[PDB]
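Basis for what follows: all heavy atoms, side chains included, without hydrogens, waters or symmetry-related copies. Throughout, a chain's letter reflects where its sequence line sits, starting with A, and its residues are numbered from 1.
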Amino acid sequence: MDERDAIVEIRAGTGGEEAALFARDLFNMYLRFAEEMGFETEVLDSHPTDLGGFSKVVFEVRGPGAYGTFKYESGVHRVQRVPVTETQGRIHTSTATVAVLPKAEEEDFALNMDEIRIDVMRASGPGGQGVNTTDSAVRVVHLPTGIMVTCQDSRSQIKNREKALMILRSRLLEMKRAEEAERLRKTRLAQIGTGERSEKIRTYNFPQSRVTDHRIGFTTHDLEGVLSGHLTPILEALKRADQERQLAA
RNA sequence: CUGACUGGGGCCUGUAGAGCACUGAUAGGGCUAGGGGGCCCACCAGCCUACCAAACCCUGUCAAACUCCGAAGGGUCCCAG
RNA sequence: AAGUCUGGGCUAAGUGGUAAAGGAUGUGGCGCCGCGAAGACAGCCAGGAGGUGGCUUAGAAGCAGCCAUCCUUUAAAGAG
RNA sequence: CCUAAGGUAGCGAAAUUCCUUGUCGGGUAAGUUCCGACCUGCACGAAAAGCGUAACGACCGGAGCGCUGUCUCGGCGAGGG
RNA sequence: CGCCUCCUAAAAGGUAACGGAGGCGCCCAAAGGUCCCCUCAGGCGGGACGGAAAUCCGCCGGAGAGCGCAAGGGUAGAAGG
RNA sequence: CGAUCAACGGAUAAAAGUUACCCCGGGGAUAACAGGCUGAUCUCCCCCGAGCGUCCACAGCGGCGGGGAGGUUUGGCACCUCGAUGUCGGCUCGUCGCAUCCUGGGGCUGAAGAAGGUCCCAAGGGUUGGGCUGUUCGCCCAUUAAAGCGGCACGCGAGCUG
RNA sequence: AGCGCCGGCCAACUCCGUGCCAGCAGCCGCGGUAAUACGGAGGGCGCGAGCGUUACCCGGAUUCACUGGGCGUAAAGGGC
RNA sequence: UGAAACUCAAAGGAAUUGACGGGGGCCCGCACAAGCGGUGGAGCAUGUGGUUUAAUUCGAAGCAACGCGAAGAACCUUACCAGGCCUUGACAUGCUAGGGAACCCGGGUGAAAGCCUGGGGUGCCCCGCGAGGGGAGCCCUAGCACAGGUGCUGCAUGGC
RNA sequence: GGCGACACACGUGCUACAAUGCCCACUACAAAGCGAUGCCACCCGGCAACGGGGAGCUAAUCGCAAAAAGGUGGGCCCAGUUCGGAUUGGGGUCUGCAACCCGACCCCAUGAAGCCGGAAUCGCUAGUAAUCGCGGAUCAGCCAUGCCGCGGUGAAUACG
RNA sequence: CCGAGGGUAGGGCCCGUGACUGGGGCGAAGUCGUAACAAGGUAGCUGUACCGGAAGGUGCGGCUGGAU
RNA sequence: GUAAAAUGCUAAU
RNA sequence: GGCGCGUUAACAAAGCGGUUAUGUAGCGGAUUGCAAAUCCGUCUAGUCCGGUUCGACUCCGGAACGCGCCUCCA
Ligand SMILES: [K+]
Ligand SMILES: [Mg+2]
Ligand SMILES: [Mg+2]
Ligand SMILES: [Mg+2]
Ligand SMILES: [Mg+2]
Ligand SMILES: [Mg+2]
Ligand SMILES: [Mg+2]
Ligand SMILES: [Mg+2]
Ligand SMILES: [Mg+2]
Ligand SMILES: [Mg+2]
Ligand SMILES: [Mg+2]
Ligand SMILES: [Mg+2]
Ligand SMILES: [Mg+2]
Ligand SMILES: [Mg+2]
Ligand SMILES: [Mg+2]
Ligand SMILES: [Mg+2]
Ligand SMILES: [Mg+2]
Ligand SMILES: [Mg+2]
Ligand SMILES: [Mg+2]
Ligand SMILES: [Mg+2]
Ligand SMILES: [Mg+2]
Ligand SMILES: [Mg+2]
Ligand SMILES: [Mg+2]
Ligand SMILES: [Mg+2]
Ligand SMILES: [Mg+2]
Ligand SMILES: [Mg+2]
Ligand SMILES: [Mg+2]
Ligand SMILES: [Mg+2]
Ligand SMILES: [Mg+2]
Ligand SMILES: [Mg+2]
Ligand SMILES: [Mg+2]
Ligand SMILES: [Mg+2]
Ligand SMILES: [Mg+2]
Ligand SMILES: [Mg+2]
Ligand SMILES: [Mg+2]
Ligand SMILES: [Mg+2]
Ligand SMILES: [Mg+2]
Ligand SMILES: [Mg+2]
Ligand SMILES: [Mg+2]
Ligand SMILES: [Mg+2]
Ligand SMILES: [Mg+2]
Ligand SMILES: [Mg+2]
Ligand SMILES: [Mg+2]
Ligand SMILES: [Mg+2]
Ligand SMILES: [Mg+2]
Ligand SMILES: [Mg+2]
Ligand SMILES: [Mg+2]
Ligand SMILES: [Mg+2]
Ligand SMILES: [Mg+2]
Ligand SMILES: [Mg+2]
Ligand SMILES: [Mg+2]
Ligand SMILES: [Mg+2]
Ligand SMILES: [Mg+2]
Ligand SMILES: [Mg+2]
Ligand SMILES: [Mg+2]
Ligand SMILES: [Mg+2]
Ligand SMILES: [Mg+2]
Ligand SMILES: [Mg+2]
Ligand SMILES: [Mg+2]
Ligand SMILES: [Mg+2]
Ligand SMILES: [Mg+2]
Ligand SMILES: [Mg+2]
Ligand SMILES: [Mg+2]
Ligand SMILES: [Mg+2]
Ligand SMILES: [Mg+2]
Ligand SMILES: [Mg+2]
Ligand SMILES: [Mg+2]
Ligand SMILES: [Mg+2]
Ligand SMILES: [Mg+2]
Ligand SMILES: [Mg+2]
Ligand SMILES: [Mg+2]
Ligand SMILES: [Mg+2]
Ligand SMILES: [Mg+2]
Ligand SMILES: [Mg+2]
Ligand SMILES: [Mg+2]
Ligand SMILES: [Mg+2]
Ligand SMILES: [Mg+2]
Ligand SMILES: [Mg+2]
Ligand SMILES: [Mg+2]
Ligand SMILES: [Mg+2]
Ligand SMILES: [Mg+2]
Ligand SMILES: [Mg+2]
Ligand SMILES: [Mg+2]
Ligand SMILES: [Mg+2]
Ligand SMILES: [Mg+2]
Ligand SMILES: [Mg+2]
Ligand SMILES: [Mg+2]
Ligand SMILES: [Mg+2]
Ligand SMILES: [Mg+2]
Ligand SMILES: [Mg+2]
Ligand SMILES: [Mg+2]
Ligand SMILES: [Mg+2]
Ligand SMILES: [Mg+2]
Ligand SMILES: [Mg+2]
Ligand SMILES: [Mg+2]
Ligand SMILES: [Mg+2]
Ligand SMILES: [Mg+2]
Ligand SMILES: [Mg+2]
Ligand SMILES: [Mg+2]
Ligand SMILES: [Mg+2]
Ligand SMILES: [Mg+2]
Ligand SMILES: [Mg+2]
Ligand SMILES: [Mg+2]
Ligand SMILES: [Mg+2]
Ligand SMILES: [Mg+2]
Ligand SMILES: [Mg+2]
Ligand SMILES: [Mg+2]
Ligand SMILES: [Mg+2]
Ligand SMILES: [Mg+2]
Ligand SMILES: [Mg+2]
Ligand SMILES: [Mg+2]
Ligand SMILES: [Mg+2]
Ligand SMILES: [Mg+2]
Ligand SMILES: [Mg+2]
Ligand SMILES: [Mg+2]
Ligand SMILES: [Mg+2]
Ligand SMILES: [Mg+2]
Ligand SMILES: [Mg+2]
Ligand SMILES: [Mg+2]
Ligand SMILES: [Mg+2]
Ligand SMILES: [Mg+2]
Ligand SMILES: [Mg+2]
Ligand SMILES: [Mg+2]
Ligand SMILES: [Mg+2]
Ligand SMILES: [Mg+2]
Ligand SMILES: [Mg+2]
Ligand SMILES: [Mg+2]
Ligand SMILES: [Mg+2]
Ligand SMILES: [Mg+2]
Ligand SMILES: [Mg+2]
Ligand SMILES: [Mg+2]
Ligand SMILES: [Mg+2]
Ligand SMILES: [Mg+2]
Ligand SMILES: [Mg+2]
Ligand SMILES: [Mg+2]
Ligand SMILES: [Mg+2]
Ligand SMILES: [Mg+2]
Ligand SMILES: [Mg+2]
Ligand SMILES: [Mg+2]
Ligand SMILES: [Mg+2]
Ligand SMILES: [Mg+2]
Ligand SMILES: [Mg+2]
Ligand SMILES: [Mg+2]
Ligand SMILES: [Mg+2]
Ligand SMILES: [Mg+2]
Ligand SMILES: [Mg+2]
Ligand SMILES: [Mg+2]
Ligand SMILES: [Mg+2]
Ligand SMILES: [Mg+2]
Ligand SMILES: [Mg+2]
Ligand SMILES: [Mg+2]
Ligand SMILES: [Mg+2]
Ligand SMILES: [Mg+2]
Ligand SMILES: [Mg+2]
Ligand SMILES: [Mg+2]
Ligand SMILES: [Mg+2]
Ligand SMILES: [Mg+2]
Ligand SMILES: [Mg+2]
Ligand SMILES: [Mg+2]
Ligand SMILES: [Mg+2]
Ligand SMILES: [Mg+2]
Ligand SMILES: [Mg+2]
Ligand SMILES: [Mg+2]
Ligand SMILES: [Mg+2]
Ligand SMILES: [Mg+2]
Ligand SMILES: [Mg+2]
Ligand SMILES: [Mg+2]
Ligand SMILES: [Mg+2]
Ligand SMILES: [Mg+2]
Ligand SMILES: [Mg+2]
Ligand SMILES: [Mg+2]
Ligand SMILES: [Mg+2]
Ligand SMILES: [Mg+2]
Ligand SMILES: [Mg+2]
Ligand SMILES: [Mg+2]
Ligand SMILES: [Mg+2]
Ligand SMILES: [Mg+2]
Ligand SMILES: [Mg+2]
Ligand SMILES: [Mg+2]
Ligand SMILES: [Mg+2]
Ligand SMILES: [Mg+2]
Ligand SMILES: [Mg+2]
Ligand SMILES: [Mg+2]
Ligand SMILES: [Mg+2]
Ligand SMILES: [Mg+2]
Ligand SMILES: [Mg+2]
Ligand SMILES: [Mg+2]
Ligand SMILES: [Mg+2]
Ligand SMILES: [Mg+2]
Ligand SMILES: [Mg+2]
Ligand SMILES: [Mg+2]
Ligand SMILES: [Mg+2]
Ligand SMILES: [Mg+2]
Ligand SMILES: [Mg+2]
Ligand SMILES: [Mg+2]
Ligand SMILES: [Mg+2]
Ligand SMILES: [Mg+2]
Ligand SMILES: [Mg+2]
Ligand SMILES: [Mg+2]
Ligand SMILES: [Mg+2]
Ligand SMILES: [Mg+2]
Ligand SMILES: [Mg+2]
Ligand SMILES: [Mg+2]
Ligand SMILES: [Mg+2]
Ligand SMILES: [Mg+2]
Ligand SMILES: [Mg+2]
Ligand SMILES: [Mg+2]
Ligand SMILES: [Mg+2]
Ligand SMILES: [Mg+2]
Ligand SMILES: [Mg+2]
Ligand SMILES: [Mg+2]
Ligand SMILES: [Mg+2]
Ligand SMILES: [Mg+2]
Ligand SMILES: [Mg+2]
Ligand SMILES: [Mg+2]
Ligand SMILES: [Mg+2]
Ligand SMILES: [Mg+2]
Ligand SMILES: [Mg+2]
Ligand SMILES: [Mg+2]
Ligand SMILES: [Mg+2]
Ligand SMILES: [Mg+2]
Ligand SMILES: [Mg+2]
Ligand SMILES: [Mg+2]
Ligand SMILES: [Mg+2]
Ligand SMILES: [Mg+2]
């Protein structure tokens with residue numbers, strides 16, 4: 001878990017163009033934090049706002065022990081400043097939603113053909129003397145799930161058996177990569193959620209030069225150094241209160 | 001009387017078998033280009049390697065279109081039955 | 001139709017009279033060392049102990065997993 | 001990028017759908033057929049017309065009620081053989 | 001689908017399969033005749049630009065180069081320059 | 001001198017398709033059905049023992065490889081049949097095999113009991129009714145001791161259906 | 001002796017805490033680091049064995065207008 | 001002909017003062033036009049963004065931030081970093097305890113800071129020819145109130 | 001020690017890219033200021049930066065001081081040059097307790113990019129723009145080519 | 001005879017519920033454009049018609065609640 | 001009958 | 001399975017035996033209060049393996065992946 005390379009998905013929340021600009025400043029905060037750990041960040045998918053921001057940034061943190069630290073940052077982050085997008089000198093609250101996921105496996109598929117049963121029969125339709133006599137039709141019934149692929153496409157049984165297994169595997173994989181996406185989906189809705197001004201994990205209020213992790217109460221005042229990548233104290237101050245979640249009896 | 005077949009005599013041949021000298025393949029070891037890694041330096045290079053490995057060498061092998069070799073036979077001419 | 005013919009041996013499976021990897025105190029014939037009255041082998045009679053576990057592990061402590069397997073009364077007792 | 005130009009309305013697993021008994025819903029104790037939907041239409045589509053449509057049909061589907069020797073499962077009797 | 005080279009082809013010749021591999025449908029006025037000279041590839045060392053390889057010098061080197069183009073045979077005591 | 005007369009011994013100077021509306025002469029010299037040979041594929045059984053099973057290779061399993069049996073699948077071949085060997089499924093009627101679905105007898109069990117797992121013996125008997133589809137097959141409903149798998153020209157059209 | 005209330009309506013105010021969070025809310029609205037509007041305290045206002053809230057009826061609503069309204073441009077003259 | 005659910009705390013009419021118009025009219029400004037020299041390319045200077053940095057102190061941000069604060073950064077400046085000292089502290093005063101100093105010339109020891117050392121001499125009155133004892137600038141250590149902060153809010157502010 | 005960093009990018013400027021110019025020697029004409037550990041005459045050592053002397057001036061008196069463009073004479077002849085002066089090497093001067101990062105000036109050698117600058121873009125309407133030198137403040141020395149001043153020479157054009 | 005009710009068959013109205021489907025209200029931020037408010041950069045609005053991702057456009061006729 | 005090159009700018013009194 | 005075609009950078013898509021393809025993007029600049037539009041500039045290349053050639057993205061032979069077509073008579 002904590003020792004696998006981990007991928008952080010930075011998005012934009014409420015705020016419009018300034019949410020995407022604050023998300024750009026969270027992007028160069030965990031990337032400058034990367035070399036402050038000897039880690040490796042590879043870009044994967046960015047949607048650059050023409051104003052210099054990102055509506056969505058996805059990067060990796062390739063290093064032995066990334067999900068042991070980045071994991072806390074998953075959640076909604078709050079901003080409140082006078083944006084460069086504002087022209088009446090007013091404070092504007094905006095959000096930028098972060099998601100931290102572990103880089104999973106690209107593991108391949110293969111059929112355990114002891115839980116696979118192959119039925120054979122005569123083919124339904126034309127063919128004359130052949131179709132009435134030849135066992136050209138194949139049904140592969142995946143046993144632990146019940147689903148069945150049939151194939152009487154050609155006249156050959158061994159051709160219609162690969163076309164049946166090929167589709168049995170191709171269909172079983174699209175169901176395996178389906179809960180893989182359902183897990184991937186419900187998990188974000190725990191991290192990101194609605195991304196509204198509430199639900200916040202950390203406020204970066206530029207007026208007061210303060211960065212506050214409201215879930216534990218730790219607040220520093222180095223809002224420039226924190227945004228420059230010195231998030232090590234906030235992670236530690238959550239780390240001590242992380243095992244002070246294990247205080248038993 | 002020249003025949004099939006047969007005796008002797010010469011010449012032609014590249015298979016069976018075997019071999020590795022050529023063309024390729026080939027396990028391992030030795031030796032040793034270049035690369036990988038490599039304590040480290042880029043001021044300048046060195047040194048390590050139970051790491052992939054060129055070539056060369058040893059041990060050990062493979063081949064219809066490989067042969068330094070090479071039968072038994074086969075063919076043909078001459079004399080004779 | 002012609003030997004229930006003669007001499008030597010093997011098989012006990014009706015093998016002969018339908019097949020493979022492999023498996024086996026089936027049976028016979030050759031061997032090669034070994035151990036034996038310095039009493040062998042088999043059986044029985046005993047001793048097979050002890051500092052007693054070193055790691056695992058709240059026991060696994062002579063009989064889970066790991067480390068090499070130190071030594072005494074001795075004819076021999078393996079931290080098994 | 002290519003084309004002469006890139007399928008409009010309407011309809012769609014269809015007298016059209018390969019995968020296919022697609023998926024969902026209805027009906028059944030149970031429905032590869034049926035009806036209603038959905039639309040990645042293998043391979044609808046606008047006078048080889050498109051989508052509807054009262055009435056009509058010895059056309060071809062699906063369901064129910066009634067009633068039965070069709071059947072469970074056969075029995076007997078009649079006449080022509 | 002005709003023609004050439006190798007193999008299959010069982011050491012003369014020949015020998016089949018929708019057997020295994022390749023090539024030809026050109027070209028050269030010199031790439032032809034003759035006379036006269038000359039000898040390679042590759043390895044080491046050395047040498048401005050100049051490198052693995054341009055040209056130059058030494059030593060070793062029988063033919064592994066070259067012979068317009070496939071392959072085989074042939075070949076420096078030349079068929080090669 | 002004019003040839004991709006390249007189908008390269010070169011029919012004409014000059015030439016493409018379709019037939020389920022079809023026809024005649026021939027062929028089991030040659031395909032589709034069934035049989036036969038074969039057994040790659042198919043089904044079943046073994047060998048080896050890496051590993052699994054808290055512990056323990058073998059209760060139950062068996063990596064990577066190895067050996068067979070059968071003749072139900074799909075094929076390969078083209079040997080009788082093209083002067084005809086009627087083809088799927090259903091119905092009806094059975095009979096056989098046993099690699100056994102149930103019932104009878106066992107051993108092992110990671111078998112307390114009950115109930116199962118696994119292997120061995122056993123072919124006497126038995127092995128239901130329905131929805132869907134032409135279906136074989138399969139799925140589903142309600143039951144069952146059980147709802148076996150195969151051969152017989154994928155048994156049976158001079159027995160029926162179509 | 002308790003209950004409601006003290007931003008305006010509407011009578012009754014200061015302190016810390018919080019920092020668009022927690023929360024108040026009948027309407028207008030409060031809260032994003034000096035909140036008489038949130039939570040506590042002190043103080044205050046109103047009633048009193050009660051105080052508040054919820055539901056419903058009439059009023060305020062001349063907002064169905066008989067009393068006692070309107071219809072050029074606010075809703076409202078019928079196309080003639 | 002003609003609803004309801006749900007939803008909003010408004011939807012509206014006229015008119016007022018503004019602002020605005022790719023409306024109008026009338027004026028003006030090196031605003032264009034008319035000219036003259038430049039900048040944009042080069043090398044250096046300087047300020048700044050950015051990256052780097054142990055720190056590269058901070059403010060300034062279109063015009064109206066950018067040779068601007070800064071009309072003089074090697075130390076100083078200096079607000080930043082590193083390391084070594086500091087402890088009523090550099091400084092203000094007032095409250096005490098021991099001294100009783102004041103101030104001035106050396107020794108170490110460290111990079112200096114700083115920490116440990118070694119000398120002398122104090123007024124005001126007195127009892128005073130007395131030992132010398134007090135009051136008493138200022139000085140030091142044990143405590144005191146309290147200092148100090150270029151640490152933050154120019155979205156609490158004056159002043160400029 | 002940093003504020004002075006350097007893959008880059010922007011603003012503000014200096015110096016340029018030549019002959020209406022560069023060079024050298026000689027001869028002119030300002031204004032505003034400033035100056036008692038201050039300005040410095042003049043003399044001499046030093047190619048120089050400077051040094052050692054050393055008057056005069058609390059300063060319309062003494063000095064900074066040379067103004068420079070300008071003028072006379074002579075030269076370089078159209079070239080990355082007698083244009084341009086960056087970069088680097090070596091030798092020194094001074095300030096300052098102290099000059100490595102990181103100062104300024106002098107001398108010798110080096111002699112860069114740059115041939116008048118794409119899209120684009122700034123100033124200036126008369127003693128103005130252009131061009132030329134001088135002074136001041138801050139200041140130990142200075143990275144000032146900056147700021148505020150100061151005089152010298154001195155245009156073109158406004159139809160609208 | 002009538003007759004509670006039971007039964008059979010066909011009607012009507014109401015309620016809830018339904019694969020899927022139509023748009024509507026709402027939302028401190030999303031994607032595309034910019035139709036209307038200035039002559040809003042093609043004066044606007046209108047009924048109807050045809051068309052287009054979308055606001056809309058265009059045709060015919062009307063209104064001024066348009067302009068200088 | 002006058003009369004136009006040119007789109008956009010979220011969200012806190 | 002048979003036959004034909006194809007693989008180029010960020011995307012899409014071309015020519016070619018020896019050599020800035022091209023459009024849009026992306027990067028630096030200009031313009032703008034800012035952004036788009038626009039204007040000045042600028043940039044990343046040929047799926048793997050083996051042949052041919054002096055030289056291969058380009059030619060030949062294979063693999064891999066994608067497209068298209070065919071798979072009929074029983
Ligand atoms: K036919
Ligand atoms: Mg996105
Ligand atoms: Mg704004
Ligand atoms: Mg099976
Ligand atoms: Mg069939
Ligand atoms: Mg059918
Ligand atoms: Mg047919
Ligand atoms: Mg068949
Ligand atoms: Mg004779
Ligand atoms: Mg003869
Ligand atoms: Mg002979
Ligand atoms: Mg022989
Ligand atoms: Mg041999
Ligand atoms: Mg060899
Ligand atoms: Mg051999
Ligand atoms: Mg051999
Ligand atoms: Mg041979
Ligand atoms: Mg020999
Ligand atoms: Mg002979
Ligand atoms: Mg002979
Ligand atoms: Mg003779
Ligand atoms: Mg006998
Ligand atoms: Mg005898
Ligand atoms: Mg037996
Ligand atoms: Mg027998
Ligand atoms: Mg037998
Ligand atoms: Mg179509
Ligand atoms: Mg159309
Ligand atoms: Mg239409
Ligand atoms: Mg449609
Ligand atoms: Mg459909
Ligand atoms: Mg269906
Ligand atoms: Mg249809
Ligand atoms: Mg169709
Ligand atoms: Mg179908
Ligand atoms: Mg079908
Ligand atoms: Mg179904
Ligand atoms: Mg259904
Ligand atoms: Mg149903
Ligand atoms: Mg019903
Ligand atoms: Mg039916
Ligand atoms: Mg339907
Ligand atoms: Mg679909
Ligand atoms: Mg049609
Ligand atoms: Mg059609
Ligand atoms: Mg037609
Ligand atoms: Mg048709
Ligand atoms: Mg037509
Ligand atoms: Mg129809
Ligand atoms: Mg009809
Ligand atoms: Mg009708
Ligand atoms: Mg009808
Ligand atoms: Mg009819
Ligand atoms: Mg009819
Ligand atoms: Mg009729
Ligand atoms: Mg019926
Ligand atoms: Mg019925
Ligand atoms: Mg019925
Ligand atoms: Mg009957
Ligand atoms: Mg029946
Ligand atoms: Mg009868
Ligand atoms: Mg009768
Ligand atoms: Mg021929
Ligand atoms: Mg020929
Ligand atoms: Mg031969
Ligand atoms: Mg031969
Ligand atoms: Mg021979
Ligand atoms: Mg011959
Ligand atoms: Mg042949
Ligand atoms: Mg023959
Ligand atoms: Mg070939
Ligand atoms: Mg060929
Ligand atoms: Mg020749
Ligand atoms: Mg000659
Ligand atoms: Mg050499
Ligand atoms: Mg060389
Ligand atoms: Mg040769
Ligand atoms: Mg050649
Ligand atoms: Mg060739
Ligand atoms: Mg031809
Ligand atoms: Mg021919
Ligand atoms: Mg012909
Ligand atoms: Mg002819
Ligand atoms: Mg002719
Ligand atoms: Mg012809
Ligand atoms: Mg014909
Ligand atoms: Mg037909
Ligand atoms: Mg027909
Ligand atoms: Mg007819
Ligand atoms: Mg006919
Ligand atoms: Mg006829
Ligand atoms: Mg016929
Ligand atoms: Mg016939
Ligand atoms: Mg005939
Ligand atoms: Mg015949
Ligand atoms: Mg024939
Ligand atoms: Mg046949
Ligand atoms: Mg057949
Ligand atoms: Mg067949
Ligand atoms: Mg037949
Ligand atoms: Mg057959
Ligand atoms: Mg037969
Ligand atoms: Mg077999
Ligand atoms: Mg067999
Ligand atoms: Mg087999
Ligand atoms: Mg077996
Ligand atoms: Mg185990
Ligand atoms: Mg065990
Ligand atoms: Mg296995
Ligand atoms: Mg085998
Ligand atoms: Mg076998
Ligand atoms: Mg059989
Ligand atoms: Mg059979
Ligand atoms: Mg047999
Ligand atoms: Mg066949
Ligand atoms: Mg067969
Ligand atoms: Mg035959
Ligand atoms: Mg046949
Ligand atoms: Mg034959
Ligand atoms: Mg026949
Ligand atoms: Mg007959
Ligand atoms: Mg007959
Ligand atoms: Mg007959
Ligand atoms: Mg048995
Ligand atoms: Mg049993
Ligand atoms: Mg039993
Ligand atoms: Mg039991
Ligand atoms: Mg039990
Ligand atoms: Mg049992
Ligand atoms: Mg057993
Ligand atoms: Mg039985
Ligand atoms: Mg039914
Ligand atoms: Mg049925
Ligand atoms: Mg069925
Ligand atoms: Mg089926
Ligand atoms: Mg039972
Ligand atoms: Mg059962
Ligand atoms: Mg059944
Ligand atoms: Mg049977
Ligand atoms: Mg048959
Ligand atoms: Mg049959
Ligand atoms: Mg059957
Ligand atoms: Mg039959
Ligand atoms: Mg029949
Ligand atoms: Mg039948
Ligand atoms: Mg029959
Ligand atoms: Mg018959
Ligand atoms: Mg019969
Ligand atoms: Mg018969
Ligand atoms: Mg029919
Ligand atoms: Mg109250
Ligand atoms: Mg009240
Ligand atoms: Mg009040
Ligand atoms: Mg309250
Ligand atoms: Mg209330
Ligand atoms: Mg806030
Ligand atoms: Mg406030
Ligand atoms: Mg407060
Ligand atoms: Mg409130
Ligand atoms: Mg209140
Ligand atoms: Mg309160
Ligand atoms: Mg009242
Ligand atoms: Mg009232
Ligand atoms: Mg009323
Ligand atoms: Mg009321
Ligand atoms: Mg009234
Ligand atoms: Mg009214
Ligand atoms: Mg109205
Ligand atoms: Mg009227
Ligand atoms: Mg009206
Ligand atoms: Mg109004
Ligand atoms: Mg101008
Ligand atoms: Mg210029
Ligand atoms: Mg310029
Ligand atoms: Mg620039
Ligand atoms: Mg510049
Ligand atoms: Mg500075
Ligand atoms: Mg910076
Ligand atoms: Mg400064
Ligand atoms: Mg300073
Ligand atoms: Mg400092
Ligand atoms: Mg500020
Ligand atoms: Mg102020
Ligand atoms: Mg400057
Ligand atoms: Mg500049
Ligand atoms: Mg001065
Ligand atoms: Mg001066
Ligand atoms: Mg030069
Ligand atoms: Mg040049
Ligand atoms: Mg020069
Ligand atoms: Mg120097
Ligand atoms: Mg320095
Ligand atoms: Mg020039
Ligand atoms: Mg003026
Ligand atoms: Mg000048
Ligand atoms: Mg000056
Ligand atoms: Mg100075
Ligand atoms: Mg009645
Ligand atoms: Mg009734
Ligand atoms: Mg309803
Ligand atoms: Mg608009
Ligand atoms: Mg419009
Ligand atoms: Mg506009
Ligand atoms: Mg417009
Ligand atoms: Mg318009
Ligand atoms: Mg209209
Ligand atoms: Mg239109
Ligand atoms: Mg217009
Ligand atoms: Mg314009
Ligand atoms: Mg536009
Ligand atoms: Mg937009
Ligand atoms: Mg605009
Ligand atoms: Mg918008
Ligand atoms: Mg290409
Ligand atoms: Mg591409
Ligand atoms: Mg193109
Ligand atoms: Mg082409
Ligand atoms: Mg280019
Ligand atoms: Mg390009
Ligand atoms: Mg750009
Ligand atoms: Mg811009
Ligand atoms: Mg190549
Ligand atoms: Mg090559
Ligand atoms: Mg290729
Ligand atoms: Mg046909």
Of the candidates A29(J), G138(F), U153(H), the side chain of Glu196(A) sits closest to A29(J)
pair_partner(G65(C)), Watson-Crick or wobble, both distances < 3.5 Å, evaluates to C55(C)
Picking from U74(F), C21(G), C19(D), the nucleotide nearest the side-chain atoms of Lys200(A) would be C21(G)
*asked:* Would the base of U10(K) count as contacting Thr85(A) through its side chain, where contact means a donor and an acceptor less than 3.5 Å apart?
replied: yes
- Watson-Crick or G-U wobble between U85(F) and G63(F), both distances under 3.5 Å? no
Exercise. Are the six-membered base rings of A21(E) and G22(E) centred less than 5.5 Å apart, with their planes inclined by less than 30 degrees?
Worked result: yes
Exercise. Taking OP1 and OP2 of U73(F), is either one under 4.0 Å from a side-chain nitrogen or oxygen of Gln157(A)?
Worked result: no
- Could you tell me whether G8(G) and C58(G) make a Watson-Crick or G-U wobble pair, using a cut-off of under 3.5 Å for both distances? no
Whether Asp213(A) and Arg202(A) form a salt bridge (side-chain N of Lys/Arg under 4.0 Å from carboxylate O of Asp/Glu) is what I want to check. yes
Paired to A45(H) by Watson-Crick or G-U wobble criteria (both distances under 3.5 Å) is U12(I)
Pair present between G134(F) and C108(F), Watson-Crick or G-U, 3.5 Å cut-off
no
Given the 90°-from-0 boundary between syn and anti, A79(I) should be labelled syn
In whole angstroms, the gap separating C1' of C70(L) from CZ of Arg155(A) amounts to 13 Å
- Query: Are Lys71(A) and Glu73(A) close enough for a salt bridge, meaning some N to O gap below 4.0 Å?
  - Reply: no
Under 3.5 Å, is there an N or O donor on one side and an acceptor on the other linking the side chain of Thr93(A) and the base of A12(K)? yes
With a 3.5 Å cut-off on both distances, are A55(H) and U16(H) a Watson-Crick or G-U wobble pair?
no
Any stacking of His92(A) on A11(K), going by centres under 5.5 angstrom and planes within less than 30 degrees? yes
Among the nucleotides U87(F), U20(D), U71(L), whichever has the atom closest to the side chain of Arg171(A) is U20(D)
Rounded to whole Å, the CG-P distance (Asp119(A) to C137(F)) equals 11 Å
Can you tell me if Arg161(A) touches the phosphate of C42(F), counting only side-chain N or O atoms and a distance under 4.0 Å to OP1 or OP2?
no
